[PDB]
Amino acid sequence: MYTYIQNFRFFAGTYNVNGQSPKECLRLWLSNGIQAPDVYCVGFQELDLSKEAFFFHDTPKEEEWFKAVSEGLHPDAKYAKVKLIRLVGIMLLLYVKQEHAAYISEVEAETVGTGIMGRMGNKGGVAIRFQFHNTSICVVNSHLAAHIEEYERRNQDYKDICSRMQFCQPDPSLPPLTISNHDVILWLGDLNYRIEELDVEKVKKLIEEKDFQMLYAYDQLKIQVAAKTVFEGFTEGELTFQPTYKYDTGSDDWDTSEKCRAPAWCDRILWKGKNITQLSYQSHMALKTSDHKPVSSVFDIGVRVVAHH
């Protein structure tokens, strides 16, 4: 027989829920204005901010946000859960259309904590790798170090997730599988890279002027990726939406606190691999449950399908 490449719809989502429980229907983020995707990749940050969850215990939030996502998915297709992985507050969900599950194999799920003392799960990354038909796919949900001046820590947090994240393969003699050893790599999550140089007022004025081209010129990730310190070989879509950090819970008004935190593109989606075509890169202003806004991305990814007779 022979193999050909078939395009599939992949959904990629990130949402920092800031220890909150779902108080809004997740249809606005997961299936509003889109065709039913073939594969769903739903990542989260700060799922539970309690002491109990921090000491690696279980949480009611896991099921709370799992039911909310399942219901929020596209109603035109029946979805089957492939895997669920969670490190403290960092979660990553994988769903496929029932019709695709038979062609899903070699599923692995690993966690890497890069937080307090570079080992705790407060900040780190979770990942689900699998094989859809004849193509190896790895999805990473990372929550890198917080605050503006901590850009060198964020670069190290990326290098840590990359070097420690190893998935077991069938051949034990072969070197362990790392994120880089995959046909398709989708990296999402709260990367926390802020906006440098500019004053809090200059950042807010640029968003009012809707001049995201000028604001992006000072984006810490863009600067670090150019310096070849992070996401080497990775691509990111043009930011057409306003920064998703920091809002007042229940509104679209910027942080009105003693801190008065300056806006930043904290939640990003980046890919690496052959046959990937990004169809969209949006933010969802409608969901006010957190101080962050959910970010989505829909791709047209090529998968090697076997042609029998």
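What we label the rigid core is the largest C-alpha set whose atoms superpose within 1.5 Å from one form to the other. Sequential numbering from 1, following the sequence displayed.
Between stretches 186-194 and 172-180, greater average Cα displacement in 4 other deposited structures of this protein relative to the shown form, fitted by the core, falls on 172-180. With 163-171 and 233-241 as candidates, the stretch whose CA atoms show the greater average offset from this form in 4 other deposited structures of this protein after a core fit is 163-171. In this crystal structure, the stretch out of 256-264 and 63-71 whose C-alpha atoms carry the higher mean B factor is 256-264. Per the PDB record, of the two stretches 209-217 and 162-170, 209-217 carries the greater mean B-factor over its C-alpha atoms. Per the PDB record, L28 has a higher Cα B-factor than any other of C41, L28, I269, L49.
When the C-alpha B-factors of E99, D183, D76, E106 are ranked from the entry, the top spot goes to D76.
The entry lists a Cα temperature factor for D157 that places it in the middle third of the chain's modelled residues. When all modelled residues of the chain are sorted by CA temperature factor, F231 is found within the middle third. Split the chain's modelled residues into thirds by C-alpha temperature factor. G33 is in the highest one. In this PDB entry, the Cα temperature factor of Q131 sits in the middle third of its chain's modelled residues.
Per the deposited record, the Cα B-factor of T178 falls in the middle third when ranked against the other modelled residues of its chain.
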